[PDB]
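Below: the structure, in structure tokens.
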Amino acid sequence: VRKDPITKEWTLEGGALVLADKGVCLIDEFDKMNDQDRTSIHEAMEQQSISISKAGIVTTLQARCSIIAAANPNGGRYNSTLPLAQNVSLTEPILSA
DNA sequence: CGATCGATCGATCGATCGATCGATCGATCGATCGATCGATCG
């Protein structure tokens, strides 16, 4: 959110997902971010849009981006005897995306 | 007539394990602070 003296209403400036609209968004070390940060990424791939209600601004922006994510398994080594759904903290609904 | 032996059963030492509990280290959600600026007022 940014101020603007010309019109005096709050103006909104987009983040990384808005930039990558009709592009690719790369998230290295995807597991290490918190779930609140990770929740935004999930709804970004599903809806291809950003929904925000902050500073009195309610609007939606286009976020049509492709995602390439790198991560690491729990303990730094992949457990070959357990499924993927039990090797990372990344929850299953986010894996389905 | 009895002297030798290979098998069986009861009992015990012990080496071990499962269920349960409180205690130790740690992730992390919530509270507070701060820094620049803006809107109202004198």
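Among the residues of the stretch A:16-39, count how many are closer than 18 Å to A:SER66 by Cβ and free of Cβ contacts under 8 Å to residues at least 12 places away in the same chain.
Counting residues in the stretch A:16-39 that are closer than 18 Å to A:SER66 by Cβ and free of Cβ contacts under 8 Å to residues at least 12 places away in the same chain gives 2.
If you scan the stretch A:45-97, which residues turn out to be more than 17 Å from the chain's Cα centre (by Cα) and within 22 Å of A:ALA20 (Cβ to Cβ)?
A:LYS54, A:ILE57, A:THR59
Which one of the conditions (1) surrounded by 13 or more Cβ atoms within 10 Å (Cβ to Cβ); (2) within 10 Å of the chain's Cα centre (by Cα); (3) within 16 Å of DNA strand B (Cβ to nearest atom) does A:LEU12 fail to meet, given that it meets all the rest?
(2)
Here Cβ is always computed from backbone atoms with ideal geometry, including for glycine, and neighbour counts include all displayed protein chains. A short reminder: the numbers here are calculations on the coordinates, not readings from a lab.
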